[PDB]
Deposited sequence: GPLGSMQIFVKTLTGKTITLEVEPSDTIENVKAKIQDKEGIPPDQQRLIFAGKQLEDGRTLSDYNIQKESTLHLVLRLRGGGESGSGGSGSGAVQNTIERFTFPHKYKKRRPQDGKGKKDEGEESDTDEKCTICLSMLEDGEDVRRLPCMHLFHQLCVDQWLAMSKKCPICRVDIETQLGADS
């Protein structure tokens, strides 16, 4: 949206999203800007800067964010899977077509879906079986117990 300047966010895998923002941008607007670039709802995102997690209803300058500042992106919050992972049902945007690397079928609206702290996406049934024997991510080899 051609913000007054730019900032970066880093996921657990080290992937870096560049955002255009103005110091007068609310944090819920920053989450949505990330939604338009990777497809993560603000519902799922949790942002961390300078040791504190950013609450929905404040501004970037309240947390005193600079130019070239870096945010950190983690997930908001057999049964240990549900303790480290975010389940939801997929919602298709509109390359923005995603597929489950385990069953190799594309992802559809209404399908029960899983997202790991590395910010990767799979079907719920497919990755729940794989995590029952490895606890790591099939795409980037990141443990779901990573914090």
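> Walk along the deposited sequence from position 1 and note every stretch that has no C-alpha coordinates.
Comparing the full sequence with the modelled residues, the uncovered ranges come out as 1, 79-94, 112-125, 179-183.
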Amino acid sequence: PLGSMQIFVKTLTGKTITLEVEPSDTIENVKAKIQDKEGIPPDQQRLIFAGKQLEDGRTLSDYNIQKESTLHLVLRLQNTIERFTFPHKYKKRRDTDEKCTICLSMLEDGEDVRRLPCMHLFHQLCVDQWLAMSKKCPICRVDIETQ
From here on, numbers count along this sequence of modelled residues.
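> Looking at the entry, does 112-120 or 79-87 show the higher mean C-alpha B-factor?
So the stretch with the higher mean C-alpha B-factor is 79-87.
> Look up the CA B-factors in the entry and say which stretch, 100-108 or 44-52, has the higher mean.
For C-alpha atoms only, the mean B-factor is higher in 100-108.
> Lowest, middle or highest third of the chain for the C-alpha temperature factor of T26?
Highest third of the chain for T26's C-alpha B-factor.
> Mind checking which third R58 falls in for C-alpha B-factor across the chain?
Middle third by C-alpha B-factor.
> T16's Cα B-factor: lowest, middle or highest third of the chain?
As the PDB entry reports it, the C-alpha B-factor of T16 lands in the middle third of its chain.
> Which third, lowest, middle or highest, does the C-alpha temperature factor of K37 belong to within its own chain?
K37: CA B-factor falls in the middle third of its chain.
> How does the C-alpha B factor of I139 compare with the rest of the chain: lowest, middle or highest third?
Tercile = lowest for this residue's CA B-factor.
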